[PDB]
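Have a look at model.txt below; it lists compact mmCIF, N, CA and C atoms.
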# COMPACT_ATOMS: atom_id res chain seq x y z
N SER A 1 141.76 91.37 98.31
CA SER A 1 142.71 91.62 97.23
C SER A 1 144.14 91.38 97.70
N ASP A 2 145.06 91.37 96.73
CA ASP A 2 146.48 91.17 97.01
C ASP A 2 147.18 92.43 97.49
N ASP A 3 146.50 93.57 97.49
CA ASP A 3 147.07 94.81 97.99
C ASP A 3 146.73 95.06 99.46
N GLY A 4 146.29 94.03 100.17
CA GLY A 4 146.02 94.14 101.59
C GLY A 4 144.69 94.78 101.94
N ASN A 5 143.82 95.00 100.96
CA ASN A 5 142.54 95.66 101.19
C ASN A 5 141.40 94.68 100.97
N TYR A 6 140.36 94.80 101.79
CA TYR A 6 139.12 94.07 101.60
C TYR A 6 138.15 94.96 100.85
N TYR A 7 137.62 94.47 99.73
CA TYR A 7 136.74 95.23 98.87
C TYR A 7 135.34 94.62 98.90
N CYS A 8 134.35 95.46 99.15
CA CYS A 8 132.96 95.06 98.94
C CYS A 8 132.68 95.00 97.44
N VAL A 9 131.91 94.00 97.03
CA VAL A 9 131.55 93.80 95.63
C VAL A 9 130.03 93.84 95.55
N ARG A 10 129.50 94.89 94.96
CA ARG A 10 128.06 95.02 94.77
C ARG A 10 127.71 94.82 93.31
N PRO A 11 126.48 94.43 93.00
CA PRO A 11 126.09 94.29 91.60
C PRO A 11 125.98 95.65 90.93
N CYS A 12 126.06 95.63 89.60
CA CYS A 12 126.02 96.87 88.83
C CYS A 12 124.60 97.40 88.79
N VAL A 13 124.45 98.70 89.04
CA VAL A 13 123.14 99.32 89.25
C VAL A 13 122.82 100.24 88.08
N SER A 14 121.54 100.56 87.95
CA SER A 14 121.05 101.45 86.90
C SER A 14 120.10 102.48 87.50
N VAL A 15 120.27 103.73 87.11
CA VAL A 15 119.43 104.82 87.62
C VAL A 15 118.05 104.75 86.97
N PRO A 16 116.96 104.80 87.73
CA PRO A 16 115.63 104.80 87.12
C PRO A 16 115.32 106.12 86.44
N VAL A 17 114.51 106.06 85.39
CA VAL A 17 114.11 107.25 84.64
C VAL A 17 112.63 107.13 84.28
N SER A 18 111.90 108.22 84.45
CA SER A 18 110.49 108.30 84.11
C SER A 18 110.23 109.57 83.31
N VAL A 19 109.20 109.54 82.48
CA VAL A 19 108.86 110.65 81.61
C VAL A 19 107.50 111.20 82.02
N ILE A 20 107.46 112.48 82.34
CA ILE A 20 106.22 113.19 82.64
C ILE A 20 105.78 113.89 81.36
N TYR A 21 104.63 113.49 80.82
CA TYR A 21 104.22 113.93 79.50
C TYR A 21 102.82 114.53 79.55
N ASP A 22 102.67 115.72 78.98
CA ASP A 22 101.38 116.38 78.81
C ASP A 22 101.09 116.46 77.32
N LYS A 23 100.12 115.67 76.86
CA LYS A 23 99.85 115.57 75.43
C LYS A 23 99.23 116.83 74.87
N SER A 24 98.32 117.46 75.63
CA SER A 24 97.58 118.60 75.11
C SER A 24 98.52 119.76 74.78
N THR A 25 99.43 120.08 75.69
CA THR A 25 100.42 121.12 75.44
C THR A 25 101.69 120.57 74.80
N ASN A 26 101.80 119.25 74.67
CA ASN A 26 102.98 118.61 74.09
C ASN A 26 104.24 119.02 74.85
N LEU A 27 104.22 118.79 76.16
CA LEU A 27 105.33 119.12 77.04
C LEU A 27 105.82 117.86 77.74
N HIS A 28 107.09 117.85 78.12
CA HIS A 28 107.63 116.68 78.80
C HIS A 28 108.72 117.09 79.78
N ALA A 29 108.99 116.19 80.72
CA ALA A 29 110.01 116.39 81.73
C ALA A 29 110.52 115.02 82.18
N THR A 30 111.66 115.02 82.86
CA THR A 30 112.32 113.79 83.29
C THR A 30 112.32 113.69 84.81
N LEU A 31 112.05 112.49 85.32
CA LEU A 31 111.98 112.22 86.75
C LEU A 31 112.90 111.05 87.07
N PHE A 32 113.95 111.31 87.84
CA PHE A 32 114.87 110.26 88.27
C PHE A 32 114.44 109.83 89.66
N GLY A 33 113.57 108.82 89.71
CA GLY A 33 112.95 108.41 90.95
C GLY A 33 113.91 108.01 92.05
N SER A 34 113.78 108.66 93.20
CA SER A 34 114.57 108.36 94.39
C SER A 34 116.07 108.53 94.15
N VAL A 35 116.44 109.48 93.30
CA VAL A 35 117.84 109.79 93.02
C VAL A 35 118.09 111.24 93.40
N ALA A 36 119.12 111.48 94.20
CA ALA A 36 119.49 112.83 94.58
C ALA A 36 119.98 113.61 93.36
N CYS A 37 119.70 114.91 93.35
CA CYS A 37 120.05 115.72 92.19
C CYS A 37 121.56 115.85 92.02
N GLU A 38 122.31 115.81 93.12
CA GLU A 38 123.77 115.90 93.02
C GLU A 38 124.33 114.73 92.22
N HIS A 39 123.80 113.53 92.43
CA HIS A 39 124.27 112.37 91.68
C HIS A 39 123.95 112.51 90.20
N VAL A 40 122.79 113.07 89.87
CA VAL A 40 122.44 113.27 88.47
C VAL A 40 123.39 114.28 87.83
N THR A 41 123.70 115.36 88.54
CA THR A 41 124.61 116.36 87.98
C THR A 41 126.01 115.78 87.79
N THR A 42 126.55 115.12 88.82
CA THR A 42 127.91 114.58 88.71
C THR A 42 128.00 113.50 87.65
N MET A 43 127.02 112.60 87.60
CA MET A 43 127.00 111.55 86.58
C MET A 43 125.78 111.66 85.69
N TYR B 1 90.90 95.85 110.58
CA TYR B 1 91.81 96.33 109.55
C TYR B 1 91.24 96.00 108.19
N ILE B 2 91.10 97.01 107.34
CA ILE B 2 90.65 96.82 105.96
C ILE B 2 91.72 97.35 105.03
N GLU B 3 92.27 96.47 104.20
CA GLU B 3 93.27 96.87 103.22
C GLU B 3 92.62 97.70 102.12
N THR B 4 93.35 98.70 101.63
CA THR B 4 92.82 99.58 100.60
C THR B 4 93.70 99.67 99.35
N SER B 5 94.96 99.25 99.41
CA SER B 5 95.85 99.35 98.27
C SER B 5 97.04 98.42 98.49
N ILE B 6 97.88 98.33 97.45
CA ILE B 6 99.12 97.58 97.49
C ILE B 6 100.21 98.44 96.87
N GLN B 7 101.47 98.04 97.07
CA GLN B 7 102.56 98.77 96.44
C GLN B 7 102.47 98.68 94.92
N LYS B 8 102.89 99.76 94.27
CA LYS B 8 102.91 99.84 92.82
C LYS B 8 104.34 99.58 92.35
N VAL B 9 104.57 98.39 91.82
CA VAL B 9 105.89 97.97 91.35
C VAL B 9 105.85 97.94 89.84
N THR B 10 106.77 98.67 89.22
CA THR B 10 106.94 98.67 87.77
C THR B 10 108.28 98.04 87.43
N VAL B 11 108.33 97.29 86.34
CA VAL B 11 109.48 96.48 85.98
C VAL B 11 110.03 96.95 84.64
N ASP B 12 111.34 97.14 84.58
CA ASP B 12 112.04 97.40 83.33
C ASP B 12 112.31 96.06 82.65
N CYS B 13 111.61 95.79 81.54
CA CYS B 13 111.73 94.49 80.90
C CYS B 13 113.13 94.26 80.37
N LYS B 14 113.76 95.30 79.82
CA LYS B 14 115.08 95.13 79.22
C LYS B 14 116.14 94.86 80.28
N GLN B 15 116.08 95.57 81.41
CA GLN B 15 117.08 95.38 82.45
C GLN B 15 116.86 94.09 83.22
N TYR B 16 115.60 93.71 83.43
CA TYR B 16 115.31 92.47 84.14
C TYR B 16 115.76 91.25 83.34
N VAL B 17 115.40 91.19 82.06
CA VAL B 17 115.72 90.02 81.25
C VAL B 17 117.22 89.94 80.98
N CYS B 18 117.80 91.03 80.48
CA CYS B 18 119.23 91.10 80.18
C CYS B 18 119.86 92.07 81.17
N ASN B 19 120.83 91.59 81.93
CA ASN B 19 121.37 92.38 83.04
C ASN B 19 122.38 93.41 82.54
N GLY B 20 122.00 94.21 81.55
CA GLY B 20 122.94 95.15 80.99
C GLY B 20 124.03 94.53 80.16
N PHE B 21 123.78 93.36 79.57
CA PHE B 21 124.73 92.70 78.69
C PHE B 21 124.34 92.98 77.25
N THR B 22 125.25 93.59 76.49
CA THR B 22 124.93 93.98 75.13
C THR B 22 124.66 92.77 74.24
N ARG B 23 125.26 91.63 74.55
CA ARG B 23 125.02 90.44 73.74
C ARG B 23 123.61 89.91 73.94
N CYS B 24 123.09 89.99 75.17
CA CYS B 24 121.72 89.55 75.42
C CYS B 24 120.71 90.52 74.81
N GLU B 25 120.99 91.83 74.90
CA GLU B 25 120.07 92.82 74.36
C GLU B 25 119.94 92.69 72.85
N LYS B 26 121.01 92.27 72.17
CA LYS B 26 120.94 92.07 70.73
C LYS B 26 119.97 90.95 70.37
N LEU B 27 119.93 89.89 71.18
CA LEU B 27 118.99 88.81 70.93
C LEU B 27 117.57 89.21 71.27
N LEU B 28 117.40 90.12 72.22
CA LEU B 28 116.09 90.50 72.73
C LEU B 28 115.33 91.42 71.79
N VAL B 29 116.00 92.02 70.80
CA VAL B 29 115.28 92.89 69.87
C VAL B 29 114.34 92.07 69.00
N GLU B 30 114.62 90.78 68.83
CA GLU B 30 113.65 89.90 68.19
C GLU B 30 112.37 89.79 69.01
N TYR B 31 112.49 89.93 70.33
CA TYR B 31 111.35 90.13 71.20
C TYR B 31 111.11 91.63 71.33
N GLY B 32 110.33 92.04 72.33
CA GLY B 32 109.98 93.43 72.52
C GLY B 32 108.50 93.69 72.33
N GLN B 33 107.86 92.94 71.44
CA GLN B 33 106.40 92.88 71.44
C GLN B 33 105.90 92.30 72.76
N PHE B 34 106.70 91.45 73.40
CA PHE B 34 106.34 90.91 74.70
C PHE B 34 106.76 91.85 75.83
N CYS B 35 107.90 92.52 75.69
CA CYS B 35 108.28 93.53 76.68
C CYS B 35 107.32 94.71 76.67
N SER B 36 106.87 95.13 75.49
CA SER B 36 105.96 96.27 75.41
C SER B 36 104.61 95.96 76.04
N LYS B 37 104.20 94.69 76.04
CA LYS B 37 102.95 94.32 76.69
C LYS B 37 103.09 94.26 78.20
N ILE B 38 104.26 93.85 78.70
CA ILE B 38 104.48 93.80 80.14
C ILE B 38 104.59 95.20 80.73
N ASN B 39 105.27 96.11 80.02
CA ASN B 39 105.38 97.48 80.51
C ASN B 39 104.02 98.17 80.54
N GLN B 40 103.19 97.96 79.52
CA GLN B 40 101.88 98.60 79.49
C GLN B 40 100.89 97.95 80.44
N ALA B 41 101.01 96.64 80.67
CA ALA B 41 100.09 95.98 81.59
C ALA B 41 100.28 96.47 83.01
N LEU B 42 101.54 96.62 83.45
CA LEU B 42 101.79 97.14 84.79
C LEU B 42 101.47 98.62 84.89
N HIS B 43 101.51 99.34 83.77
CA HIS B 43 101.12 100.75 83.80
C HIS B 43 99.62 100.89 84.05
N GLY B 44 98.81 100.06 83.40
CA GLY B 44 97.38 100.13 83.62
C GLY B 44 96.97 99.74 85.02
N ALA B 45 97.61 98.70 85.57
CA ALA B 45 97.28 98.27 86.92
C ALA B 45 97.61 99.35 87.94
N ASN B 46 98.77 99.99 87.80
CA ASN B 46 99.14 101.06 88.72
C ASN B 46 98.29 102.31 88.50
N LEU B 47 97.84 102.54 87.27
CA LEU B 47 97.01 103.71 87.00
C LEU B 47 95.63 103.56 87.63
N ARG B 48 95.05 102.36 87.57
CA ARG B 48 93.75 102.14 88.19
C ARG B 48 93.85 102.12 89.70
Serialized structure, structure tokens:
Amino acid sequence: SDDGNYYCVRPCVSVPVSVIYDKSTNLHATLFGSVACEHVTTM
Amino acid sequence: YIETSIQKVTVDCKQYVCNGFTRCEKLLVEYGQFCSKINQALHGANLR
């Protein structure tokens, strides 16, 4: 950059999401595969 | 050595085809019958 800094440029990423579903009781939950919980809370 | 399994890779059809571009996703809604078959086909293979 022109401000004297070298910047790494990575591609834009997306957090994975999965649904845990129990049909008999009609219950569900969310699974963010390989994502730390702190990142989910902050973003 | 006897192999017993392989990695289970699942693919997001919407993110793979359109890289998060809203203009591409608008065209892809005409599809989706094909994305729904790819998502379910890989689900069955990983389930078995």
| task | Find the residues near range 7-11 of chain B: any atom within 6.5 Å, counting only N, CA and C atoms, skip ones fewer than 6 places away on the same chain, and give them as a VMD selection string. | result | chain B and resid 39 42 46
| query | If we count only C-alpha atoms, which residues of chain A reach to within 12 Å of chain B? Please list them as a PyMOL selection string. | reply | chain A and resi 11-18+33
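The space between atom N of residue 21 in chain A and CA of residue 40 in chain B spans 15.2 Å.
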| query | CA of residue 14 in chain B and atom C of residue 36 in chain A, how far apart in Å? | reply | 23.8 Å
Grab all the atoms of range 21-40 of chain B that the file lists, wrap them in a box along x, y and z, add 4 Å per side, and give me centre plus edge lengths in Å (one decimal) as lines of an AutoDock Vina configuration file.
center_x = 113.1
center_y = 93.7
center_z = 74.5
size_x = 32.4
size_y = 17.8
size_z = 20.5
| request: Report the residues of chain A whose backbone DSSP state falls under alpha helix (DSSP H), written as a list in words. | output: residues 37, 38, 39, 40, 41 and 42 of chain A
